[PDB]
Amino acid sequence: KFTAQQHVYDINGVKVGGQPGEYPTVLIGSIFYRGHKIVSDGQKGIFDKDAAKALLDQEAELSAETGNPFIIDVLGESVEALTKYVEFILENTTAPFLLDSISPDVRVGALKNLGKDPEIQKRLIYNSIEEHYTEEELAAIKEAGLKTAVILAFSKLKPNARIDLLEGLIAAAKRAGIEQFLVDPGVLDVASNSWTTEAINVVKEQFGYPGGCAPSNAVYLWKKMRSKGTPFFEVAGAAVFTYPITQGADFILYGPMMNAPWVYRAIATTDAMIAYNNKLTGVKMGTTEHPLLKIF
Amino acid sequence: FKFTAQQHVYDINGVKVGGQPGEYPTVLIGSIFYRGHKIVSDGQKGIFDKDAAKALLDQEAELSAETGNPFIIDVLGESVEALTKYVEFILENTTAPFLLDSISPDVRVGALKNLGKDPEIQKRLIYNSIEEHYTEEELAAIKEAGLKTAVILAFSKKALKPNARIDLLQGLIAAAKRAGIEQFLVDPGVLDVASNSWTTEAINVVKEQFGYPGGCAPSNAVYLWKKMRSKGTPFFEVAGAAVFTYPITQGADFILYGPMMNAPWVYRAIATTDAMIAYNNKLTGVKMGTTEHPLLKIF
Ligand SMILES: CN1c2c(O)nc(N)nc2NC[C@@H]1CNc1ccc(C(=O)N[C@@H](CCC(=O)O)C(=O)O)cc1
Ligand SMILES: CN1c2c(O)nc(N)nc2NC[C@@H]1CNc1ccc(C(=O)N[C@@H](CCC(=O)O)C(=O)O)cc1
């Protein structure tokens, strides 16, 4: 149980945040990532629409099974590609999504192209407000009327240098008109997932913002474990992805959506055990759509 | 160094168990000759496929060498004859310490008599377990054999809540000490998959207050979880990995992971959790007690 009153956000019906055991973990799957084989052209955003739709439908089916809500991590390396990717996601799921590029120019460029349909405001989450945020990003976010952003509380390493960042990143996000802050302290490698999780606990303990991370960042490149094949890679992946949840995290970017079938079953199990602690902490489940009431 | 109490680290025939989080790798305890282990043709006389049994022990040694997770064998028996034969086989076919494991105190004492005095028994045999309703005969049998390590099942129908379970110790530790036990592996018990969170909280209380190595059998309900197991591979294994790694994330020292056939996936999951926990040591100042650790092996 965290000292700070925990912020629970409703993003187009997706609840995220609260005391551990209050709400299920929100699972965030990546689509059109670098080397996503359904993409034939990452510059023009040419991709297999049948394959993309099949991933979105699988996500909805797994979400319905476990009670873990989903937000799509929509990656793009160009304004043209990310715009087409988001247009596809808008039409083919109801889920909220991350507008995700490592380039702030791609993110702002895509935002301008996507326009001012109120569906953008309701579903689009800015990924992310980072250490080197620009006044232009803040102004573009405000002009778009976005209310949720990922805050990437990461620099160049200890949890303390990550909190130092929160003018802070929260103050900057507030200037952009952001009211809902999804705090991501960043993940540098597999081993230091423990450092990230430490930063997550400070965020929830001190501020009560939802806290999460991308434990996916180095796991898929861990060839020594991945080369062992199934189910050895998947249980190692499960250990890494569930670790932040055991330390009270609210959301996980689990990497490529093709991994959803094993990720959801692992994360749902951790959620169920943590919610059983509610009986000792006095925490009330915020929803009956929870792994504890679904997976047994 | 999250626990207040100085943590006991035990050396059981070279297997280190205990410490502060990230100091030592998780000790993994696989079950052999469990009820409906299909390598047993006769559970009453203890007739088993010795080649299949040796293959499991050899696989355990290989996985242990790969990750650095040490191993103790959970030797289950339903009769004095069977458990005697199982322990005689384990003694000759591995160096690993082992749990003398029956739910019947009469079977545990019976097997102890059959095995009798042997410096190997005093070195490697761990009594599984000293329980709420222990008998004076058990304590006298344990002292006669000269055992120095026992599992303490800190569980009662009357003590479901974490604080209540550990209240049994002081008590169960006194009973063990009367039997000449010097090393206590505290197991608060696992009733179901969901209440592993309760078991893990009980492990935290033991380590916080007493500093005894704390562990459990998250295996107890996992293999009977039909809804998840019916999904098959790798869905059952990642769900089982979530259950088995959970106590370790909260500072537990050893896991009874169930049937040894599961060791290939269990070792890879637990080694990963151990590696991440040990990387925290750069911030707490805990010194890894050994270089034979997942953090230095799995990457
Ligand atoms: C960088 N990381 C991240 C983060 O840490 N925080 C936020 N908010 N957003 C993001 N977005 C992107 C990323 C999370 N998503 C990921 C992370 C990693 C991969 C990945 O490893 N892909 C593989 C190829 C796919 C594969 O091997 O299966 C690669 O080698 O690049 C794919 C997607
Ligand atoms: C009860 N539990 C336990 C415990 O909680 N604490 C201690 N110290 N020792 C023990 N020893 C026995 C047990 C831990 N080991 C286990 C737990 C469960 C199983 C198990 O579910 N076996 C089943 C399923 C076999 C299978 O489906 O693979 C069987 O039919 O035998 C097999 C072994």
# chains A, B, ... in the order shown; residues from 1 in each chain; ligands from 1

call {"tool": "residues_around", "arguments": {"residues": "stretch 250-266 of chain A", "least_positions_apart": "5", "cutoff": "6 Å", "atoms": "only C-alpha atoms", "output": "list in words"}}
result
residues 17, 25, 26, 27, 28, 29, 30, 210, 211, 212, 213, 214, 216 and 238 of chain A; 235, 238, 239 and 242 of chain B

call {"tool": "write_last_selection", "arguments": {"atoms": "C-alpha atoms", "output": "compact mmCIF listing (two decimals), in the first residue's frame"}}
result
# COMPACT_ATOMS: atom_id res chain seq x y z
CA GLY A 17 -3.57 3.27 -11.76
CA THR A 25 -2.38 -4.30 -15.23
CA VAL A 26 -2.95 -2.45 -18.58
CA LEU A 27 -1.00 -4.33 -21.32
CA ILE A 28 0.56 -2.27 -24.18
CA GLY A 29 1.56 -4.23 -27.33
CA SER A 30 3.84 -2.75 -30.04
CA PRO A 210 0.31 5.51 -12.61
CA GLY A 211 3.79 3.97 -13.06
CA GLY A 212 4.93 1.50 -15.73
CA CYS A 213 7.74 0.64 -18.17
CA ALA A 214 8.81 -1.28 -21.32
CA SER A 216 10.39 -5.44 -23.60
CA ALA A 238 7.34 -13.72 -18.20
CA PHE B 235 0.73 -20.69 -21.60
CA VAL B 238 4.46 -18.72 -18.20
CA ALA B 239 1.52 -18.78 -15.69
CA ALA B 242 4.58 -16.04 -12.62

call {"tool": "residues_around", "arguments": {"residues": "residue A:32", "least_positions_apart": "4", "cutoff": "9 Å", "atoms": "only C-alpha atoms", "output": "MDAnalysis selection string"}}
result
chainID A and resid 36:39 42 45 47 52 73:76 82 85 256

call {"tool": "write_last_selection", "arguments": {"atoms": "N, CA, C and O atoms", "output": "mmCIF file, in the first residue's frame"}}
result
data_model
loop_
_atom_site.group_PDB
_atom_site.id
_atom_site.type_symbol
_atom_site.label_atom_id
_atom_site.label_comp_id
_atom_site.auth_asym_id
_atom_site.auth_seq_id
_atom_site.Cartn_x
_atom_site.Cartn_y
_atom_site.Cartn_z
ATOM 1 N N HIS A 36 9.197 -5.135 -37.829
ATOM 2 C CA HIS A 36 7.874 -5.812 -37.854
ATOM 3 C C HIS A 36 7.626 -6.315 -39.277
ATOM 4 O O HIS A 36 7.483 -5.480 -40.184
ATOM 5 N N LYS A 37 7.601 -7.636 -39.454
ATOM 6 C CA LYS A 37 7.657 -8.276 -40.792
ATOM 7 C C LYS A 37 6.373 -7.996 -41.590
ATOM 8 O O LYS A 37 6.421 -8.179 -42.817
ATOM 9 N N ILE A 38 5.283 -7.545 -40.957
ATOM 10 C CA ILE A 38 4.024 -7.185 -41.680
ATOM 11 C C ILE A 38 4.200 -5.848 -42.414
ATOM 12 O O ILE A 38 3.314 -5.516 -43.219
ATOM 13 N N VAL A 39 5.255 -5.084 -42.112
ATOM 14 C CA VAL A 39 5.581 -3.798 -42.797
ATOM 15 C C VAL A 39 6.511 -4.094 -43.981
ATOM 16 O O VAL A 39 7.602 -4.650 -43.750
ATOM 17 N N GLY A 42 8.552 0.947 -44.263
ATOM 18 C CA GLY A 42 8.466 1.705 -43.000
ATOM 19 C C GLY A 42 8.501 3.209 -43.219
ATOM 20 O O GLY A 42 8.165 3.944 -42.272
ATOM 21 N N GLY A 45 4.789 3.609 -44.836
ATOM 22 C CA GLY A 45 3.803 2.925 -43.977
ATOM 23 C C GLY A 45 2.932 1.982 -44.787
ATOM 24 O O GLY A 45 1.694 2.061 -44.671
ATOM 25 N N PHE A 47 1.847 -1.849 -45.235
ATOM 26 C CA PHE A 47 1.799 -3.028 -44.333
ATOM 27 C C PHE A 47 0.630 -3.954 -44.688
ATOM 28 O O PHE A 47 -0.329 -3.549 -45.385
ATOM 29 N N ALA A 52 -2.348 -7.026 -39.495
ATOM 30 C CA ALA A 52 -2.507 -5.946 -38.493
ATOM 31 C C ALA A 52 -3.860 -6.103 -37.785
ATOM 32 O O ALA A 52 -3.885 -6.052 -36.542
ATOM 33 N N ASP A 73 0.598 0.319 -28.599
ATOM 34 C CA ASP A 73 1.827 1.102 -28.872
ATOM 35 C C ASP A 73 2.029 1.152 -30.393
ATOM 36 O O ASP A 73 2.488 0.140 -30.972
ATOM 37 N N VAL A 74 1.681 2.282 -31.013
ATOM 38 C CA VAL A 74 1.778 2.500 -32.484
ATOM 39 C C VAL A 74 3.105 3.196 -32.788
ATOM 40 O O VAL A 74 3.216 4.410 -32.541
ATOM 41 N N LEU A 75 4.071 2.442 -33.317
ATOM 42 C CA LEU A 75 5.429 2.949 -33.646
ATOM 43 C C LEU A 75 5.498 3.369 -35.118
ATOM 44 O O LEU A 75 4.864 2.707 -35.958
ATOM 45 N N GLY A 76 6.267 4.420 -35.404
ATOM 46 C CA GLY A 76 6.546 4.913 -36.765
ATOM 47 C C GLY A 76 7.866 5.656 -36.799
ATOM 48 O O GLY A 76 8.210 6.288 -35.779
ATOM 49 N N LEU A 82 3.624 6.871 -39.640
ATOM 50 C CA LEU A 82 2.922 6.933 -38.331
ATOM 51 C C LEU A 82 1.488 7.433 -38.548
ATOM 52 O O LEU A 82 0.579 6.905 -37.882
ATOM 53 N N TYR A 85 -0.521 4.510 -40.006
ATOM 54 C CA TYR A 85 -0.630 3.503 -38.920
ATOM 55 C C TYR A 85 -1.733 3.916 -37.942
ATOM 56 O O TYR A 85 -2.571 3.074 -37.583
ATOM 57 N N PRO A 256 6.425 -6.607 -29.153
ATOM 58 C CA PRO A 256 5.595 -7.011 -30.289
ATOM 59 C C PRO A 256 4.316 -7.748 -29.874
ATOM 60 O O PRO A 256 4.395 -8.668 -29.070
#

call {"tool": "interface_residues", "arguments": {"of": "chain A", "to": "chain B", "cutoff": "9 Å", "atoms": "only C-alpha atoms", "output": "VMD selection string"}}
result
chain A and resid 158 190 to 195 198 222 to 225 230 to 240 242 to 243 246 to 247 261 to 263 265 to 270 272 to 277 280 292 295 to 296

call {"tool": "atom_distance", "arguments": {"atom1": "atom 21 (O, counted along the ligand's line) of ligand 2", "atom2": "atom CA of residue A:21"}}
result
26.8 Å

call {"tool": "residues_around", "arguments": {"residues": "residue B:60", "least_positions_apart": "3", "cutoff": "8 Å", "atoms": "only C-alpha atoms", "output": "list in words"}}
result
residues 56, 57, 63, 64, 71, 260 and 263 of chain B

call {"tool": "write_last_selection", "arguments": {"atoms": "C-alpha atoms", "output": "mmCIF file, in the first residue's frame"}}
result
data_model
loop_
_atom_site.group_PDB
_atom_site.id
_atom_site.type_symbol
_atom_site.label_atom_id
_atom_site.label_comp_id
_atom_site.auth_asym_id
_atom_site.auth_seq_id
_atom_site.Cartn_x
_atom_site.Cartn_y
_atom_site.Cartn_z
ATOM 1 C CA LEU B 56 15.953 -36.334 -13.902
ATOM 2 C CA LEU B 57 18.857 -36.023 -11.361
ATOM 3 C CA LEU B 63 20.444 -26.878 -15.264
ATOM 4 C CA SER B 64 22.063 -25.988 -11.879
ATOM 5 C CA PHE B 71 19.318 -27.756 -5.993
ATOM 6 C CA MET B 260 11.358 -32.360 -11.661
ATOM 7 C CA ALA B 263 12.986 -28.042 -14.135
#

call {"tool": "residues_near_ligand", "arguments": {"ligand": "ligand 2", "cutoff": "7 Å", "atoms": "only C-alpha atoms and all ligand atoms", "output": "PyMOL selection string"}}
result
chain B and resi 31+34-37+74+101+128-129+151+153+187+189-190+216-217+219-224+256-259

call {"tool": "residues_around", "arguments": {"residues": "residue B:26", "least_positions_apart": "4", "cutoff": "7 Å", "atoms": "only C-alpha atoms", "output": "PyMOL selection string"}}
result
chain B and resi 69+253-254+274

call {"tool": "atom_distance", "arguments": {"atom1": "atom CA of residue B:178", "atom2": "atom CA of residue B:139"}}
result
6.9 Å

call {"tool": "residues_around", "arguments": {"residues": "residue B:106", "least_positions_apart": "5", "cutoff": "9 Å", "atoms": "only C-alpha atoms", "output": "list in words"}}
result
residues 79, 80, 111 and 138 of chain B

call {"tool": "write_last_selection", "arguments": {"atoms": "C-alpha atoms", "output": "PDB file, in the first residue's frame"}}
result
ATOM      1  CA  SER B  79       5.223 -45.970   2.575  1.00  0.00           C
ATOM      2  CA  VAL B  80       8.328 -46.717   4.725  1.00  0.00           C
ATOM      3  CA  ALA B 111      12.324 -44.486   6.695  1.00  0.00           C
ATOM      4  CA  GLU B 138       9.733 -37.535  15.544  1.00  0.00           C
TER       5      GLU B 138
END

call {"tool": "residues_around", "arguments": {"residues": "residue B:72", "least_positions_apart": "6", "cutoff": "9 Å", "atoms": "only C-alpha atoms", "output": "PyMOL selection string"}}
result
chain B and resi 15+27-30+96-99

call {"tool": "residues_around", "arguments": {"residues": "stretch 98-114 of chain A", "least_positions_apart": "4", "cutoff": "9 Å", "atoms": "only C-alpha atoms", "output": "ChimeraX atom specification"}}
result
/A:28,71-84,86-87,120,123-128,133-134,136-137,140-141,144,149-150

call {"tool": "select_by_dssp", "arguments": {"residues": "stretch 23-220 of chain A", "states": "alpha helix (DSSP H)", "output": "compact mmCIF listing (two decimals) with C-alpha atoms, in the first residue's frame"}}
result
# COMPACT_ATOMS: atom_id res chain seq x y z
CA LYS A 49 -3.74 -4.88 -43.17
CA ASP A 50 -5.16 -8.45 -42.68
CA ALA A 51 -2.18 -9.31 -40.36
CA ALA A 52 -2.51 -5.95 -38.49
CA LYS A 53 -6.31 -6.47 -37.98
CA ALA A 54 -5.67 -10.09 -36.77
CA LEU A 55 -3.26 -8.74 -34.07
CA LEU A 56 -5.89 -6.14 -32.91
CA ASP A 57 -8.67 -8.82 -32.77
CA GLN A 58 -6.38 -11.26 -30.81
CA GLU A 59 -5.61 -8.42 -28.32
CA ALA A 60 -9.38 -7.80 -27.74
CA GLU A 61 -9.99 -11.61 -27.30
CA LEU A 62 -7.13 -11.99 -24.73
CA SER A 63 -8.27 -8.76 -22.90
CA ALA A 64 -11.85 -10.21 -22.69
CA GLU A 65 -10.41 -13.54 -21.32
CA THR A 66 -8.19 -12.14 -18.46
CA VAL A 79 5.38 11.30 -40.36
CA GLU A 80 3.83 9.56 -43.45
CA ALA A 81 4.08 6.02 -41.90
CA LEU A 82 2.92 6.93 -38.33
CA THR A 83 -0.06 8.95 -39.76
CA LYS A 84 -1.26 5.92 -41.87
CA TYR A 85 -0.63 3.50 -38.92
CA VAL A 86 -2.73 5.68 -36.52
CA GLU A 87 -5.52 6.09 -39.16
CA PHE A 88 -5.63 2.23 -39.40
CA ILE A 89 -5.72 1.80 -35.54
CA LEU A 90 -8.50 4.48 -35.22
CA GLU A 91 -10.78 2.56 -37.68
CA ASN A 92 -9.88 -1.06 -36.64
CA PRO A 104 9.79 14.47 -31.52
CA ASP A 105 9.55 15.89 -35.13
CA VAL A 106 7.79 12.66 -36.33
CA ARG A 107 5.37 12.78 -33.31
CA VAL A 108 4.46 16.51 -33.81
CA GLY A 109 4.35 16.02 -37.65
CA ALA A 110 1.96 13.02 -37.28
CA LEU A 111 -0.21 15.04 -34.78
CA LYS A 112 -0.67 17.85 -37.40
CA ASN A 113 -1.54 15.29 -40.18
CA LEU A 114 -4.11 13.44 -37.95
CA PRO A 118 -12.59 14.58 -31.24
CA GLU A 119 -11.68 10.81 -31.46
CA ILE A 120 -7.95 11.89 -31.48
CA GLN A 121 -8.37 13.75 -28.11
CA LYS A 122 -10.24 10.73 -26.60
CA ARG A 123 -7.83 7.92 -27.68
CA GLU A 135 8.24 24.19 -26.31
CA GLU A 136 6.96 23.13 -29.81
CA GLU A 137 5.95 19.63 -28.50
CA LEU A 138 4.15 21.26 -25.52
CA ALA A 139 2.39 23.76 -27.88
CA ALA A 140 1.48 20.97 -30.42
CA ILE A 141 0.06 18.74 -27.59
CA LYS A 142 -2.00 21.73 -26.28
CA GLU A 143 -3.24 22.66 -29.83
CA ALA A 144 -4.33 18.97 -30.30
CA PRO A 159 16.25 5.95 -9.60
CA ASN A 160 17.05 9.37 -7.90
CA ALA A 161 18.17 11.01 -11.23
CA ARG A 162 14.85 9.72 -12.75
CA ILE A 163 12.69 11.36 -9.96
CA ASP A 164 14.78 14.61 -10.20
CA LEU A 165 13.38 14.86 -13.81
CA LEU A 169 8.51 16.91 -16.82
CA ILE A 170 5.15 17.02 -14.87
CA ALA A 171 5.20 20.89 -14.80
CA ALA A 172 5.98 20.88 -18.59
CA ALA A 173 3.18 18.31 -19.30
CA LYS A 174 0.78 20.55 -17.25
CA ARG A 175 1.80 23.57 -19.48
CA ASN A 193 14.49 -3.76 -14.75
CA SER A 194 14.96 -3.77 -10.91
CA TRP A 195 16.24 -0.08 -11.07
CA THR A 196 13.18 0.92 -13.21
CA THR A 197 10.81 -0.86 -10.74
CA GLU A 198 12.49 1.07 -7.85
CA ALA A 199 11.73 4.40 -9.69
CA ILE A 200 8.09 3.18 -10.22
CA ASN A 201 7.67 2.63 -6.40
CA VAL A 202 8.91 6.22 -5.62
CA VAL A 203 6.42 7.65 -8.22
CA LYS A 204 3.42 5.78 -6.67
CA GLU A 205 4.66 6.30 -3.03
CA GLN A 206 5.33 10.09 -3.42

call {"tool": "atom_distance", "arguments": {"atom1": "atom CA of residue B:121", "atom2": "atom CA of residue B:94"}}
result
13.0 Å

call {"tool": "select_by_dssp", "arguments": {"residues": "stretch 16-193 of chain A", "states": "strand (DSSP E)", "output": "NGL selection string"}}
result
:A and (16-17 or 26-31 or 39-41 or 46-47 or 70-75 or 97-100 or 124-129 or 148-152 or 180-184)

call {"tool": "closest_residue", "arguments": {"among": "A:188, A:283, A:293, A:245", "to": "ligand 1", "atoms": "only C-alpha atoms and all ligand atoms"}}
result
A:188

call {"tool": "closest_residue", "arguments": {"among": "A:219, A:285, A:157, A:46", "to": "ligand 1", "atoms": "only C-alpha atoms and all ligand atoms"}}
result
A:219

call {"tool": "closest_residue", "arguments": {"among": "A:290, A:156, A:1, A:226", "to": "ligand 1", "atoms": "only C-alpha atoms and all ligand atoms"}}
result
A:226

call {"tool": "closest_residue", "arguments": {"among": "A:130, A:271, A:167, A:289", "to": "ligand 1", "atoms": "only C-alpha atoms and all ligand atoms"}}
result
A:130

call {"tool": "closest_residue", "arguments": {"among": "A:229, A:13, A:35, A:115", "to": "ligand 1", "atoms": "only C-alpha atoms and all ligand atoms"}}
result
A:35

call {"tool": "closest_residue", "arguments": {"among": "A:220, A:97, A:9, A:70", "to": "ligand 1", "atoms": "only C-alpha atoms and all ligand atoms"}}
result
A:220

call {"tool": "decode", "arguments": {"residues": "stretch 126-138 of chain A", "atoms": "N, CA and C atoms", "output": "compact mmCIF listing (two decimals), in the first residue's frame"}}
result
# COMPACT_ATOMS: atom_id res chain seq x y z
N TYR A 126 0.27 10.80 -25.89
CA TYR A 126 1.57 11.29 -26.41
C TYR A 126 2.69 10.50 -25.74
N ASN A 127 3.53 9.85 -26.55
CA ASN A 127 4.61 8.93 -26.11
C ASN A 127 5.93 9.40 -26.73
N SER A 128 6.64 10.34 -26.09
CA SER A 128 6.46 10.74 -24.71
C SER A 128 6.96 12.17 -24.51
N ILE A 129 6.64 12.75 -23.35
CA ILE A 129 7.31 13.96 -22.81
C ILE A 129 8.60 13.47 -22.13
N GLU A 130 9.74 13.85 -22.71
CA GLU A 130 11.08 13.30 -22.38
C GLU A 130 11.96 14.41 -21.81
N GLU A 131 13.15 14.05 -21.34
CA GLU A 131 14.15 14.96 -20.73
C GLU A 131 14.31 16.23 -21.57
N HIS A 132 14.47 16.08 -22.89
CA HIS A 132 14.79 17.17 -23.85
C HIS A 132 13.53 17.58 -24.62
N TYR A 133 12.36 17.56 -23.96
CA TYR A 133 11.09 18.08 -24.52
C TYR A 133 11.31 19.50 -25.03
N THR A 134 10.61 19.88 -26.10
CA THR A 134 10.67 21.22 -26.72
C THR A 134 9.37 21.98 -26.43
N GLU A 135 9.43 23.31 -26.44
CA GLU A 135 8.24 24.19 -26.31
C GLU A 135 7.27 23.88 -27.46
N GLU A 136 7.78 23.50 -28.63
CA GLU A 136 6.96 23.13 -29.81
C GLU A 136 6.12 21.89 -29.49
N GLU A 137 6.71 20.85 -28.90
CA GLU A 137 5.95 19.63 -28.50
C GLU A 137 4.82 20.04 -27.56
N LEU A 138 5.14 20.83 -26.54
CA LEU A 138 4.15 21.26 -25.52
C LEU A 138 3.02 22.02 -26.22
